[PDB]
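Chains as they are written, first to last, in the entry's author numbering: chain M, 10 to 296; chain i, 32 to 128; chain F, 45 to 294; chain X, 2 to 82; chain 3, 94 to 188; chain g, 38 to 166; chain q, 25 to 75.
In this text, a Cβ means the ideal position worked out from N, Cα and C, and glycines have one as well.
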Amino acid sequence: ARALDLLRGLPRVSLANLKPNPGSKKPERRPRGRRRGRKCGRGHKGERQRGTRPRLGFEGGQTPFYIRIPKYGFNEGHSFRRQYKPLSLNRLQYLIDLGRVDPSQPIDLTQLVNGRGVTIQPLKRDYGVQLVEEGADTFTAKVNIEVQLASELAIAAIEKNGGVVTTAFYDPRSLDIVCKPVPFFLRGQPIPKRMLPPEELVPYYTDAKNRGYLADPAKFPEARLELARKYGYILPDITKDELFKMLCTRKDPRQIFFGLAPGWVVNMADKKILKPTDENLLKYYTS
Amino acid sequence: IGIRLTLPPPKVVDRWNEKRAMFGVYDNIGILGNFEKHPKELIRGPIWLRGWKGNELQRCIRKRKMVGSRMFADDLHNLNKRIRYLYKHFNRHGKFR
Amino acid sequence: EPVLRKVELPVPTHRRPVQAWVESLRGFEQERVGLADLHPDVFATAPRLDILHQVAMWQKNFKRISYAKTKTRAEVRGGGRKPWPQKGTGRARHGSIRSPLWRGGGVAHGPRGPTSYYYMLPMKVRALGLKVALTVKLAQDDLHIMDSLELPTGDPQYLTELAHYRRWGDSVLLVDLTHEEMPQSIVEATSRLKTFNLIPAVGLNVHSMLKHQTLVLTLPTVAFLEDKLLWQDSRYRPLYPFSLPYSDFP
Amino acid sequence: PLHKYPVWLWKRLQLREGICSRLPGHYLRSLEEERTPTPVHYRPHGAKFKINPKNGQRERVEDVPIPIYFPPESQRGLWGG
Amino acid sequence: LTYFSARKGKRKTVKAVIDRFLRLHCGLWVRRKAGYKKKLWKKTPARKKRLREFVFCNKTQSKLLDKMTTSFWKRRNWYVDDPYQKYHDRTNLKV
Amino acid sequence: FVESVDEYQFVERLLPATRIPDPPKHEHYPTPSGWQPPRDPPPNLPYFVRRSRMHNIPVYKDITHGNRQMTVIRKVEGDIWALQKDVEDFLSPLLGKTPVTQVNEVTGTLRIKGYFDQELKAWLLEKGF
Amino acid sequence: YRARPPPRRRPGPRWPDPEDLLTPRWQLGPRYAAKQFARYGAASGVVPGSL
Ligand SMILES: [Mg+2]
Ligand SMILES: [Mg+2]
Ligand SMILES: [Mg+2]
Ligand SMILES: [Mg+2]
Ligand SMILES: [Mg+2]
């Protein structure tokens, strides 16, 4: 290069030559001298100087600003209002193109995260992903996406290209397992079983309009044709697709991973999966 | 007068003993070792400070938590007094509110 | 019989590799035994001395505990009672014989407790510093390459004479691959010497390189270094510590 | 400095060193073992979980025993608990 | 406020604010015009109209309330049906 | 009580990867999102502008003091001054004046006043970076 | 000077003796044994059925 040629005719680099990058190490300030310290910046006598002025927000006895304004539930319940990380179609296309997610394989939450497409935080009351309509135009991909919500426009964008989208549910205990599985397989606990939605959400996941994972898989064609008829395209017959066997695959409720049955134990050290045989354990897990 | 008259004895420093010749070795054990270990796991020192930093109040709180029940009675009483004072100072005294 | 070596990891298509001689310790005049190729992004990075400074200062300070304690005004023995009343006498007001003012009192603002100075730079910055150090010790005709650190006999006189014969410098940092595989001769010889230091590749660091003048890597070591340092550019952001199993990470 | 064992482990250490070390095993087991007294002066919460009214979520609950004083005169009688 | 807790050593928030103000993610704070629920029978209809409104807080108040609340209450919050979802971002701001 | 099964195929689909995978050999460009690969062989110019870990154009918006808008062209290698002259020529017609700029020849970056991220990304695409 | 042998992680499973008093409460029980099994395989010695 150019600089590497400069270094040849300079002295050897050593710990006697180093330097900080200029502008980084701002100099220090100490109260010594006629400028820094005669009162060291603290001002005249008064409780300002002694370090005894009232608490942050005390307006001198007048009723503080943050106490003369009435209460209102702007935040009541905030710890329990569920949250969902958006996954815009723009982002899904971008991830597909650069080879991060694989559209020739069912796209669940695990494969969105293992491609670093979204960052899920179970501990902050994120329940999962929601597809958003942004970028409905220019989305051209055949994906079998399993998300936790979807606007009807996203359902359209995924259908118009011969794709299946299904809205599942994940409870806060299993969402952590699905989002970061290898930690769970390290804990040594047997794979739990997904809980069912809460009371307020079953009417959502048992409705064909939302491709719910608990609605009857016979009202779906009516929903798909209705959506197509409203959004002016022709519902492609997916049954003839070259890899429709994949777009069909779905996770039944009470299952976290695709080919794993609740109650199994993953042994990563030896590359094995251990299954129980006691009848009571199978009874508990299969329910 | 507060200045010495004779010259001090010469403090001879051996810049190539074992401690200096091998300083820093294994400070990239993580990046160059498949991340088995971490640099903090080479910090030798107090139980309650290996790989952690903070102001005096946090340091004293941490000392109390991790070895408070192993401390001598008078040292522990001093520590509690120190925490009490630092709480008062850091939370009520100062230029900035 | 030459001992060539090509760069394994992909090179960007707009940069040619750098090259170096492959020497031997088996004889005084055994330089230019072969020719080795070195990956441009690990041996020809931008100079960037300021990053070398950042890394050396971190490598100095991150493992420092200052064991300096000074008894505050309430930790020094005695000192409870008021020495004399406030109004009566003609002396200065005082409420203890252990204030900082008094002799034998406590320090108002002194070194408190054992203090830790730990902090960690982004891992990428430290890998970048390693690359910068290697390239600076190449650009200035100080880096060497050896097929192996083998020697004829373990006598240290031989190694120090050989280092004299080739303008190596005052001090040499020899780097081999694994701590178990360093040959007997080099370990025996470098135990006695003082400015020659033998380390396995996992210990290479910026400060220990800027200290010694000459740096002498084995060939397996440069392969190892290229692998472990090129891995930092073109890796995802972590999902959890790289000590946990990943699909592609040994 | 620092002790090699905490303060509350000194009792258990003493029960292994001297004359206390030769006591029969079952006595030591009956001594070290701790059991909570049956609730007497407080109403114990029935279950391990409960729904509270202020918000409506399922919060955990424990029962924290009231601390009760037994003057030495009771050691000569049967106050129950 | 409490700049360091005695038990953990972190900053602590003044919960009297959380129950009164809403932090739009990109700086603003919204309040509710004290004097609005009570004594609504001798207030003119225009005044009642004014008092129902959600108003913003000026710069000094916003900085103050930013100080009295830790980082958690400033994050990006993706609520399902948030009536204030569209106000989290400024659009076309000149200086 | 337990029996060992070594199918195991459905956990390895869960292990993430650490390396960013090479983008696949698409058949048309620009891809539906708008991603082109860099030309080959690299264009013959004084300088070069590397692609990031995720293969995008290193042109980044930046803001300070709430009113200083800036952009940075970051991983510039070679003669950064040639790129400065080229960028000044390319932007001068748009703003109606030569745009003030900083060159940091050490880190290898060119910082530009104003927000011109999309323009600069397009322009660095045309030249084949 | 030959640099000291590198710092390697404590190999194999870590079974702390249960009779000692310092061995904390959480290094004996079912959870630690489960973690050791999960992280080291059949060599850890944990009987799988306990999981
Ligand atoms: Mg200062
Ligand atoms: Mg008053
Ligand atoms: Mg005293
Ligand atoms: Mg006094
Ligand atoms: Mg003293």
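Query - Supposed close pair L203 (chain F), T262 (chain F) - CB separation, criterion 8 Å - result: Here residue 203 (chain F) is taken as the residue at index 159 of the third sequence, counted from 1. Here residue 262 (chain F) is taken as the residue at index 218 of the third sequence, counted from 1. The Cβ separation is near 15 Å, so there is no contact.
**Report entry** Straight-line gap, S23 (chain M) to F54 (chain i) (C-alpha atoms, nearest Å)
**Finding:** On the first sequence, position 14 is the one that residue 23 (chain M) refers to. On the second sequence, position 23 is the one that residue 54 (chain i) refers to. Each residue's alpha carbon lies about 15 Å from the other.
Query raised in the report: Short check: CB of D135 (chain M) to CB of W134 (chain 3), under 9 Å?
Result: Here residue 135 (chain M) refers to the residue found at position 126 when the first sequence is read from its first residue. Here residue 134 (chain 3) refers to the residue found at position 41 when the fifth sequence is read from its first residue. Taking C-beta atoms as the reference points, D135 (chain M) and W134 (chain 3) fail to come closer than 9 Å.
Query raised in the report: Excluding the five sequence neighbours on either side, which residues of its own chain have a C-beta within less than 6 Å of the C-beta of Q276 (chain F), listed in chain order?
Result: As a first step, residue 276 (chain F) must be located in the third sequence, where it is residue number 232. Taken in chain order, the residues that qualify are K168, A171.
Query raised in the report: Would you say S140 (chain F) touches ligand 4, meaning its beta carbon is less than 8 Å from a heavy atom?
Result: Within the third sequence, residue 140 (chain F) is the residue found at index 96, counting from 1. Correct: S140 (chain F) has its Cβ closer than 8 Å to ligand 4.
Query raised in the report: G213 (chain F) to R21 (chain M), Cα distance in whole Å?
Result: Start at 1 with the first residue of the third sequence, and residue 213 (chain F) comes out as number 169. Start at 1 with the first residue of the first sequence, and residue 21 (chain M) comes out as number 12. Approximately 11 Å between the Cα atoms of the pair.
Query - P38 (chain X) to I67 (chain X) span [Cα, whole Å] - result: In the fourth sequence, counting from the first residue as 1, residue 38 (chain X) sits at position 37. In the fourth sequence, counting from the first residue as 1, residue 67 (chain X) sits at position 66. Going from the Cα of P38 (chain X) to the Cα of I67 (chain X) covers about 11 Å.
Query raised in the report: Who sits around ligand 3, taking every residue whose Cβ is closer than 7 Å to one of its heavy atoms?
Result: Look at which beta carbons fall closer than 7 Å to any heavy atom of ligand 3; those residues are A118 (chain F), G123 (chain F), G124 (chain F).
Query raised in the report: When the cut-off is 9 Å and only beta carbons count, does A27 (chain q) lie next to chain i?
Result: For the purposes of this step, residue 27 (chain q) is taken as the residue at position 3 of the seventh sequence. Output row for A27 (chain q): interface = yes.
Query raised in the report: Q58 (chain X) CB to nearest chain M CB: under 9 Å?
Result: Along the fourth sequence, read from residue 1 onward, the residue named residue 58 (chain X) stands at position 57. For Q58 (chain X), the answer is yes, since a Cβ of chain M falls inside 9 Å of its Cβ.
Query raised in the report: Among all residues, which have a Cβ less than 7 Å from at least one non-hydrogen atom of ligand 5, and in what chain order do they fall?
Result: Result (chain order): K115 (chain F), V120 (chain F), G148 (chain F), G149 (chain F), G150 (chain F).
**Report entry** Boundaries of the beta strand (DSSP E) in which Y84 (chain g) is found, first to last residue
**Finding:** Here residue 84 (chain g) is taken as the residue at index 47 of the sixth sequence, counted from 1. Note, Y84 (chain g): beta strand (DSSP E), 84-86.
**Report entry** Alpha carbon of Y162 (chain F) to alpha carbon of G76 (chain i), nearest angstrom
**Finding:** Here residue 162 (chain F) corresponds to residue number 118 of the third sequence, with the count starting at 1. Here residue 76 (chain i) corresponds to residue number 45 of the second sequence, with the count starting at 1. If I take the Cα positions, the gap works out to 12 Å.
Query raised in the report: Using a C-beta cutoff of 9 Å, does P30 (chain q) count as contacting chain F?
Result: Taking the seventh sequence and counting its residues from 1, one reaches residue 30 (chain q) at position 6. Yes, its Cβ sits closer than 9 Å to a Cβ of chain F.
Query raised in the report: Does the beta carbon of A150 (chain M) sit closer than 9 Å to a beta carbon anywhere in chain g?
Result: For the purposes of this step, residue 150 (chain M) is identified with residue 141 of the first sequence, where counting begins at 1. With a threshold of 9 Å between beta carbons, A150 (chain M) makes contact with chain g.
Query raised in the report: Hey, which residues come within less than 7 Å of ligand 1, measuring from Cβ to any heavy atom, in chain order?
Result: Taken from the N-terminal end onward, the list reads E37 (chain M), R38 (chain M), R39 (chain M).
Requested in this report: Using only the heavy atoms of ligand 4, determine whether one of them is closer than 8 Å to the beta carbon of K94 (chain M).
Outcome: One-based indexing of the first sequence puts residue 94 (chain M) at position 85. Shortest gap from the CB of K94 (chain M) to any heavy atom of ligand 4: 8 Å or more.
Query raised in the report: Rounded C-beta distance between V152 (chain M) and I167 (chain M)? I'm assuming under 8 Å.
Result: The count along the first sequence starts at 1 and reaches residue 152 (chain M) at position 143. The count along the first sequence starts at 1 and reaches residue 167 (chain M) at position 158. Sure, about 7 Å apart at Cβ, within 8 Å.
Query - Residue interval of the beta strand (DSSP E) (run including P31 (chain M)) - result: For this step, residue 31 (chain M) is matched to residue 22 along the first sequence. Looking at the DSSP string, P31 (chain M) is not in any beta strand (DSSP E), and its letter there is neither H nor E.
**Report entry** Neighbourhood of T175 (chain M) by C-beta distance below 7 Å, restricted to the same chain and skipping five residues each side
**Finding:** Residue 175 (chain M) sits at position 166 when you count from the first residue of the first sequence. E155, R220, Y222, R259.
Requested in this report: Return the residue from the list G36 (chain q), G53 (chain q), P42 (chain q), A58 (chain q) that minimises the CA-CA distance to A67 (chain q).
Outcome: Taking the first residue of the seventh sequence as 1, we reach residue 67 (chain q) at position 43. Nearest C-alpha to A67 (chain q): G36 (chain q).
Query raised in the report: Okay, do the stretch 64-82 of chain M and the stretch 118-134 of chain M touch, 3+ Cβ pairs below 8 Å being the bar?
Result: No, the stretch 64-82 of chain M does not touch the stretch 118-134 of chain M.
**Report entry** Helix, strand or coil at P200 (chain F) [DSSP, three-state]
**Finding:** Counting from 1 along the third sequence, the entry for residue 200 (chain F) is found at position 156. Three-state result, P200 (chain F): helix.
**Report entry** Among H124 (chain i), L63 (chain i), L80 (chain i), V98 (chain i), the one whose alpha carbon lies nearest that of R32 (chain q)
**Finding:** On the seventh sequence, residue 32 (chain q) is found 8 positions in, with the first residue counted as 1. Of the listed residues, the one whose Cα sits closest to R32 (chain q) is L63 (chain i).
Query raised in the report: Whole alpha helix (DSSP H) runs in the stretch 202-278 of chain M with 4 or more residues, listed along the chain?
Result: Fully enclosed alpha helix (DSSP H) runs of no fewer than 4 residues occupy 211-214, 229-239, 253-257 of the stretch 202-278 of chain M, in order along the chain.
Query raised in the report: Cα separation between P63 (chain M) and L94 (chain 3)?
Result: Along the first sequence, one-based indexing puts residue 63 (chain M) at 54. Along the fifth sequence, one-based indexing puts residue 94 (chain 3) at 1. Using only the alpha carbons, I get a separation of about 10 Å.
Query raised in the report: Alpha carbon to alpha carbon, what distance is there between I110 (chain g) and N104 (chain g)?
Result: Taking the first residue of the sixth sequence as 1, we reach residue 104 (chain g) at position 67. Taking the first residue of the sixth sequence as 1, we reach residue 110 (chain g) at position 73. Near 20 Å, if we compare the C-alpha coordinates of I110 (chain g) and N104 (chain g).
Query raised in the report: Which ranges would you report for the alpha helix (DSSP H) in the stretch 68-142 of chain g if only whole runs of at least 4 residues count?
Result: DSSP runs (the alpha helix (DSSP H)) wholly in the stretch 68-142 of chain g: 117-132.
Query raised in the report: Checking contacts by CB at 9 Å: is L45 (chain q) closer than that to chain M?
Result: For the purposes of this step, residue 45 (chain q) is taken as residue 21 along the seventh sequence, with counting starting at 1. Judged by the 9 Å Cβ criterion, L45 (chain q) is not in contact with chain M.
Query raised in the report: Can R95 (chain i) be considered in contact with ligand 6, in the sense that its beta carbon sits closer than 8 Å to one or more heavy atoms?
Result: Among the ligands present in this structure, namely ligand 1, ligand 2, ligand 3, ligand 4 and ligand 5, ligand 6 is not found.
Requested in this report: Run the proximity test for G70 (chain M): is its beta-carbon closer than 8 Å to any non-hydrogen atom belonging to ligand 2?
Outcome: Locating residue 70 (chain M) in the first sequence gives position 61, where the first residue counts as 1. Checking the 8 Å criterion, the Cβ of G70 (chain M) is within range of a heavy atom belonging to ligand 2.
Query raised in the report: Hey, how far is the Cα of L273 (chain F) from the Cα of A90 (chain F)?
Result: Within the third sequence, the letter at position 229 stands for residue 273 (chain F). Within the third sequence, the letter at position 46 stands for residue 90 (chain F). Spanning the two alpha carbons is a distance of roughly 15 Å.
Report task. Would you mind stating whether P201 (chain M) and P285 (chain M) have Cβ atoms separated by less than 9 Å? Result -> Reading the first sequence from its first residue, position 192 is the one you call residue 201 (chain M). Reading the first sequence from its first residue, position 276 is the one you call residue 285 (chain M). For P201 (chain M) and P285 (chain M), no; Cβs fall outside 9 Å.
Query raised in the report: Got a sec: does ligand 4 put a non-hydrogen atom nearer than 8 Å to the Cβ of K126 (chain F)?
Result: Position 82 of the third sequence, counted from the start, is the residue given in the question as residue 126 (chain F). Yes, since a heavy atom of ligand 4 falls inside the 8 Å radius drawn around the Cβ of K126 (chain F).
Query raised in the report: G173 (chain F): buried (16+ other C-beta within 10 angstroms of its C-beta) or exposed?
Result: Against the third sequence, residue 173 (chain F) aligns to sequence position 129. With 16 or more other CB atoms across the displayed protein chains lying within 10 angstroms of its CB, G173 (chain F) is buried.
Query raised in the report: Relative to chain 3, which residues along the stretch 107-126 of chain i have a C-beta separation below 9 Å, given in chain order?
Result: Listed by position, the residues of the stretch 107-126 of chain i near chain 3 (Cβ gap below 9 Å) are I114, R115, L117, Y118, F121, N122, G125.
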